[PDB]
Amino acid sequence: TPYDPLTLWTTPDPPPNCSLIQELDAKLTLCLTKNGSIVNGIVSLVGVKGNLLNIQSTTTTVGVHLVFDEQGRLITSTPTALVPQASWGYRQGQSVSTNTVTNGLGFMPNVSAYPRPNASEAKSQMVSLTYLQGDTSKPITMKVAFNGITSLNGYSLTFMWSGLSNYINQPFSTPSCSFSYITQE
């Protein structure tokens, strides 16, 4: 079965794939679909190691950066959460095609609408209230910023879940969380 050019993801159930604090200490599920000038996306993050399994007082916020180049290609180089060997790309069945992204701009956040320097402007963010573990008694905040950590010629997505301190010695895991944005192309 062919791959889907409107869909980039990390596969429905990735093995640990992000080294946020320690090696492969988090399991990141990310699906980005292109719906015309808008990409509808869903993300989830569950800790499997260290502080992610047991939030410390310093684990105030958990975040993941995904840096893209001028053509919208993910750069595994740090600060990119995804390890340079984890699967990321076009959906193909329950897996990821080996074809390189040739329509990445259609997946990158529009710089005109979201400038590379203006990573602090309100509009370069979509903010929501969600719950830790899915429990309505453990609220936290998910900030998603665009082009907030680029490279003069590239793109990015950042995910920040704040308000954790209140939940020390508790596993960090978010529900399936949605977000959307205007595409560069």
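When you see a residue number, it is the position in the sequence shown, counting from 1.
Stretches 46 to 54 and 114 to 122 differ in mean CA B factor, with 114 to 122 having the higher one. Taking the PDB entry as given, 18 to 26 carries the higher mean Cα B factor of the two stretches 18 to 26 and 171 to 179. The residue among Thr102, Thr80, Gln94, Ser87 whose C-alpha carries the highest B-factor in the deposited model is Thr102.
Among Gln133, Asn35, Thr150, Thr130, the highest C-alpha B-factor recorded in the PDB entry belongs to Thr150. Sorting the modelled residues of the chain by their CA temperature factor places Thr11 in the lowest third. Sorting the modelled residues of the chain by their CA temperature factor places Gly63 in the middle third. For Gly154, the recorded CA temperature factor ranks within the highest third of the chain's modelled residues.
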